[PDB]
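J.: Attaching a single structure in structure tokens format; questions to follow.
None of the figures in this text is laboratory data; all of them are computed from the coordinates on show. Cβ coordinates were reconstructed from backbone atoms using ideal geometry, including for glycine residues, and neighbour counts include every protein chain displayed.
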Amino acid sequence: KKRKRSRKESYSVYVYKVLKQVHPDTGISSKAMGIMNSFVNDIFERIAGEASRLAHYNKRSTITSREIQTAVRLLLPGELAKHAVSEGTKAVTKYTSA
Amino acid sequence: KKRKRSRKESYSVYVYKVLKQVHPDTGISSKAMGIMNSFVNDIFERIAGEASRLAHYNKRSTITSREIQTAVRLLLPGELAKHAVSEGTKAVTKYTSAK
Amino acid sequence: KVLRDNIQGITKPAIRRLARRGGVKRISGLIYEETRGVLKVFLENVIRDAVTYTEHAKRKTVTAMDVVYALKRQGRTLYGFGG
Amino acid sequence: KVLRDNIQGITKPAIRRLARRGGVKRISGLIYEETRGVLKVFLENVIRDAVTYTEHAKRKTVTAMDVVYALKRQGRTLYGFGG
Amino acid sequence: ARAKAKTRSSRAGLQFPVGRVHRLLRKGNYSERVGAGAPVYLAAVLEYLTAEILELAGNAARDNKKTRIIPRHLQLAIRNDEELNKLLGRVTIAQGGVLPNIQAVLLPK
Amino acid sequence: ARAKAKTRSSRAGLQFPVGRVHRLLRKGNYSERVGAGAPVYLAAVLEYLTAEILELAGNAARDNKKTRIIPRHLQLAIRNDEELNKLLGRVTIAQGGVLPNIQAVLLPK
Amino acid sequence: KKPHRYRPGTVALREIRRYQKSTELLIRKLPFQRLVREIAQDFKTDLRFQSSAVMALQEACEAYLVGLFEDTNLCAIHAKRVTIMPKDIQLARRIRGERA
Amino acid sequence: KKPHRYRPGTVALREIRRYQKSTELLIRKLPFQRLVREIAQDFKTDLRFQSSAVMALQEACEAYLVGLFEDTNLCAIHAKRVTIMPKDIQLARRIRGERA
DNA sequence: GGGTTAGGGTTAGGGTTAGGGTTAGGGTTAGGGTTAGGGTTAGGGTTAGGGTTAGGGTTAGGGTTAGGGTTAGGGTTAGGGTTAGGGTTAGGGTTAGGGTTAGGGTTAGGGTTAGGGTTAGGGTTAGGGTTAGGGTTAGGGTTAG
DNA sequence: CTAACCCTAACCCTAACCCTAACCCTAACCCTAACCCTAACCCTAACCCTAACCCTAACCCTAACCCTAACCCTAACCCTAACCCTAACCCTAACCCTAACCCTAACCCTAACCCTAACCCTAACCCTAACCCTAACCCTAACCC
């Protein structure tokens, strides 16, 4: 016994923080958290696969930002793509300035 | 004329020598040639991606003949799957007997 | 392990409840057999993929992860059980 | 161009021959506008994808490889118009 | 020497683990080399999507007069939002259900 | 001495470039390490598929009373045999046309 | 004698409104486990299953059946009819897929 | 002299076999290229298309239209009718999963 | 009612544009070394699945009676099919232009790697709080007058 | 059009378990030193799109005639819907055992760089035979009589 289990990881600690900013008093369940984790992992793997395919098509060897932006514009539908691009550019600009 | 140029790689000669074996006294056109090349590339990409996913799911970092056979069984339908498995096992046995 | 009675397990009343949720008022009498047939056809492929994944994993226990990986190959993705 | 007769370029005969190849004997008079709209939307989607690929490639020409990669995203692969 | 360590997330202003996103891209064999703005970009996109989904789920839960976000609310929000339904069409949420909708022809005469 | 070189394809008696398949699997960034029997297996599978497709195309050309293999014969063969249409259902072949099939209801009296 | 007998259709619409709100399962678990254990006997012998596996199987099967019944209901309403017939499922396990 | 005149359906059935036997394109290239230009004018200006992209687009569009017309003919025959109506295309797109 | 019409193979027959065979060359695979890391065997442990017993409680099958739905039939009328006659438009030439992209030749900004060093999320308890269960109860529905 | 009657939506307790906090700590994210492979940038040359002028040509647009299939009204009965009574079968706990999944060591065994030629694959050239268009010659199909 004595624990001896592969320590598993998830995004449960990060989802809870986001919920508190968007709605202050609500709460979430374990099944909903597991569904959100699967959704995040699926979006992550979709973005990664699209970026890798773009990099292999353009005969490049590094996945830089412009690649993720094109992957987002190709995957996300309408105004969600524009909003995600705007927020990503804001985050990249803040990270470059600081 | 200018600073060199570009050479492109295609599986033609191989498809032509396979056609000469499967049907003597037969020709082919460039359209069918490109179609067969695209088909071969698509099957290659499918079997490579399935094998990579099978290797990544089991915390392994080596694509082997077992993973290739599993990918073939998962991709190909019925009789073609078993035929390809047998013809691949025969080639693997011949290579193991003589390298 | 009875062939006929294991398929006959999906009883006529249950199939009615699955059609009332979809929005069906009147149901014929020759729908249940075809529904059981389609269910068998789907389950055969799903279980084939799951058993193939289990045999490739060198194990004798089918897991929810293997079931999800088998379902994702056919197209439909499930969020909830496993992940 | 920018003319308003652009969609009208697909003539009534063209649709008749397409439906004959599909396998239709009698055609109504309100199928043409629906076919033109569906064709325009299907062209707009693929052209949007191709323009996105071209802008990501930092070029001003639209090659056949971009169209092939755009069609492979929607699920309909095209064999032979490009490697 | 050294300095009080500042997490890369804090430097940018996000809430997702940029280090974990970078490690997953490294151990994913997607490419040979990985940049420095791609993990922050993907984390920001994921955070925006999660915030939108959680906002819709909280709205649905408040409409259902409950404090717990059940998968029913998630399913309702996803099937009501057109863009989210187009993004997640082949996705089936467990313990979700379907939208209550009856055809007009099937209605009492 | 280096001695004579027996091509890897020859030792296995195939017709596809096993040396090129290995290089493609290495440069494709699919995994970190690649075995030795995987390229031979993949080349054998590709050779079998190509041989079957070319045999069907040659049969179609013989039925069409021609000596060349046009994409029409490829389309006819793929749409005809049981396990080829299911494998390539979403595939659209240019200059292939459609399969002749007319419904019995639209037929004359 | 009036036993409040409802006209044909009212009880059906009531059951529709009832089942379009709940999220529970509409299929028994023991005969479904029997079926998924019997089907797996053709591919290999002596396999053991978990609970979450058959749970996900039942969930996916119920979702697919609900979708197929919705498509069949649409096909039946398109034919100026209210009841569903086996002729509609085939034009559906076809326009879509899965081979009628 | 005045011809026997063909009964309705004969010419259609004769042209069906001719158009199913051939492989050539049924849409003119010049009116389609200008339509592609007009559609691409909205996304970005100063675009230059090659000689193969337009052909591939035309091939894909003709294949999609042939498939859609086949589905429409199937839906029309299912409705105990011969001619096709705009409701058949809408039903086909609804069952396929493209419209809704 | 066995013809008139009347579109579709069938065959010489000549012309021609595209597969098929032949060399010269760059280039990429295989051979013989050394080195280190992931994959296989052999154990122990521990925990989840299958097989048994026990009720007893929701519910499906089998009837009975009935009323709403389907299919066939008939009639009517627009809405497609078919054909001729004229005229804009599509398509193969030819010419000129110039915007473009695929390379070379440098060069500095950005990539990976390792070793400590500190810290934040994962693995444990506990406790108070939300909703499901079980009674009443008004109100909106429904069957039938 | 109310009666009579039924099935839902809606409160006032209870309490139970699943969610929300507080601990311990260990694997993992940062800084700070190297380093070089990758990407940016300018110059240039060939080409391959982009415009415009030609003709005629199969092609499309508009009109008239008229056989036809879609649409609507009516009747029959046969398939299907609502309700009750069994009693067989689903559902829940506890017990018991055992096979199978996961940790824990040691070790070959198979895989990864790296010069070095050298034979295999690709780019041009020349050729000619298989395919395509042009005209007679039946040749079988429609569909009235």
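J.: Which listed residue (B:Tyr14, B:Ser97, B:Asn58) has the Cα farthest towards the positive end of the charge dipole for chain B, taking +1 on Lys and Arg C-beta and -1 on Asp and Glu C-beta about the Cα centre?
T.: B:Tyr14
J.: While we're here: Report P(r) for segment F:20-66: all Cα-Cα distances, bin width 5 Å, range 0 to the bin holding the largest distance, values in whole percent.
T.: 5, 20, 17, 15, 11, 10, 9, 7, 5, 1, 0
J.: Given R₀ = 30 Å, FRET efficiency for B:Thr62-C:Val41 by Cβ-Cβ distance, to 0.05? Before the final figure, lay out each step's value.
T.: Numbers: r = 36 Å, r/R0 = 1.21.
It comes out at approximately 0.25.
J.: Show me E:43-53, B:51-61, G:57-67, B:21-31 ranked by packing, highest mean number of other Cβ atoms within 10 Å first. Can you show the working numbers first?
T.: Details: E:43-53: 22.5, B:51-61: 16.5, G:57-67: 20.3, B:21-31: 13.9.
So the peptides E:43-53, B:51-61, G:57-67, B:21-31, ranked by packing, come out E:43-53, G:57-67, B:51-61, B:21-31.
J.: Next question. For the pair H:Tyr64 and A:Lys1, what calculated FRET efficiency results from E = 1/(1 + (r/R0)^6), where r is the Cβ-Cβ distance and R0 = 51 Å, to the nearest 0.05?
T.: Values: r = 61 Å, r/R0 = 1.20.
Once rounded, the FRET efficiency stands at 0.25.
J.: If you line up the long axis of helix G:10-19 against the longest principal axis of chain G, both from Cα atoms, how many degrees apart are they, to the nearest 10?
T.: Once rounded, the angle reads 40 degrees.
J.: Further question: Would you be so kind as to identify all helices of chain C, as entire DSSP H runs, whose Cα atoms reach 27 Å or more along the helix's own axis and whose mean Kyte-Doolittle hydropathy is at least -0.5?
T.: Those that clear 27 Å and a mean of -0.5 are C:32-56.
J.: Normalised by the residues of chain F, what does the relative contact order come to in percent, with Cα pairs under 8 Å and at least six apart?
T.: Values: 68 pairs, mean separation 18.3, N = 109.
Reported relative contact order: 17 percent.
J.: Using a 10 angstrom cutoff on alpha carbons, build the Gaussian network for chain B and name the most mobile of B:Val18, B:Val40, B:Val72.
T.: B:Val18
J.: Turning to a different aspect of this structure: Using a Gaussian network model on chain F with a 10 Å cutoff between Cα atoms, which of F:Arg79, F:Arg11, F:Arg68 fluctuates the most?
T.: In this elastic network of chain F, the residue with the biggest mean-square fluctuation among F:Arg79, F:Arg11, F:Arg68 is F:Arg11.
J.: Another one. If each DSSP helix of 4+ residues adds -39,500 (n - 2.57) and the sum is divided by the residues in chain H, what number results at 222 nm, nearest 500 deg cm²/dmol?
T.: Numbers: 4 runs with 64 residues, N = 100.
Mean residue ellipticity at 222 nm (helix-derived): -21000 deg cm²/dmol.
J.: Using Cβ counts within 10 Å as a stand-in for footprinting exposure, how do E:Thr92, B:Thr62 rank, fewest first? Intermediate results must be reported in sequence, preceding the final value.
T.: Working: E:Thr92 20, B:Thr62 12.
Listing E:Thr92, B:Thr62 from fewest to most nearby Cβ atoms yields B:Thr62, E:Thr92.
J.: Here's something else I'd like to know. With all pairs of different alpha carbon atoms counted, what Kirkwood hydrodynamic radius in Å does segment E:18-109 show?
T.: Details: mean 1/r = 0.0620 Å⁻¹.
The answer is 16.1 Å.
J.: Given N residues in chain D, what is Rg(Cα) / (2.2 N^0.38 Å)?
T.: Working: Rg = 15.8 Å, N = 83, 2.2 N^0.38 = 11.8 Å.
The value comes to 1.34.
J.: Given the C-alpha centroids of segment D:5-83 and segment A:56-74, what is the distance between them in whole angstrom?
T.: 26 Å
J.: If I fit a long axis through the Cα atoms of helix B:79-97 and take the longest principal axis of the Cα atoms of chain B, what angle between them do I get, 0 to 90°, rounded to 10?
T.: 90 degrees
J.: How much length would be gained if the chain were fully extended between E:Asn64 and E:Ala51, taking 0.36 nm per residue of separation minus their Cα-Cα distance, in nm to one decimal? Intermediate results must be reported in sequence, preceding the final value.
T.: Numbers: separation 13, 0.36 × 13 = 4.68 nm, distance 1.97 nm.
Difference between extended and current length: 2.7 nm.
J.: Round to the nearest 10 and give me the degree value, 0 to 90, for the angle of helix H:29-43's Cα axis relative to the longest principal axis of chain H.
T.: Between the helix axis and the principal axis of chain H, the angle is about 50 degrees.
J.: Hey, quick one: spin label on C:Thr61, modelled 7 Å out along Cα-Cβ, who in segment A:1-43 has an amide N within reach, i.e. under 18 Å?
T.: A:1-8
J.: What whole-number distance in Å separates the alpha-carbon centres of segment H:1-57 and segment F:40-82?
T.: Taking the Cα centre of segment F:40-82 as reference, the centre of segment H:1-57 is 29 Å away.
J.: Given H placed on each backbone N at 1.01 Å, which residues far from H:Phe49 in sequence or on other chains put an amide H within less than 5 Å of it?
T.: D:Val62
J.: Give the span of the protein assembly as shown's Cα atoms along each principal axis, as three whole-Å numbers ordered largest to smallest.
T.: Here the spans come out as 95, 80, 65 Å, largest first.
J.: Further question: If one puts a single equal scatterer on every Cα of segment A:11-97 and applies the Debye formula without solvent, what log₁₀ I(q)/I(0) results at q = 0.11, 0.19 Å⁻¹?
T.: -0.42, -1.04
J.: Okay, moving on. Taking the alpha-carbon set of segment G:16-99, what are its Rg and Dmax in Å?
T.: Computed over the Cα atoms of segment G:16-99, radius of gyration and Dmax are 16.3, 51 Å.
J.: Then there is this: Let's see if you can work this out: charge +1 on each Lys and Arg Cβ, -1 on each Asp and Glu Cβ, no other charges. What is the dipole magnitude of chain G about its Cα centre, in debye to the nearest 20?
T.: Working: 21 positive and 11 negative charges, 160 e Å.
Taking the Cα centre of chain G as origin, the dipole is about 760 debye.
J.: Could you work out which residue, out of D:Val62, D:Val46, D:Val24, moves most in a Gaussian network model of chain D, that is, has the largest mean-square fluctuation with Cα springs under 10 Å?
T.: Of D:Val62, D:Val46, D:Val24, the Gaussian network model singles out D:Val24 as fluctuating most.
J.: Between H:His4 and C:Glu33, what is the spin-label point distance in nm, taking each point 7 Å from the Cα along the Cα→C-beta axis?
T.: Simple spin-label model gives 4.7 nm for this pair.
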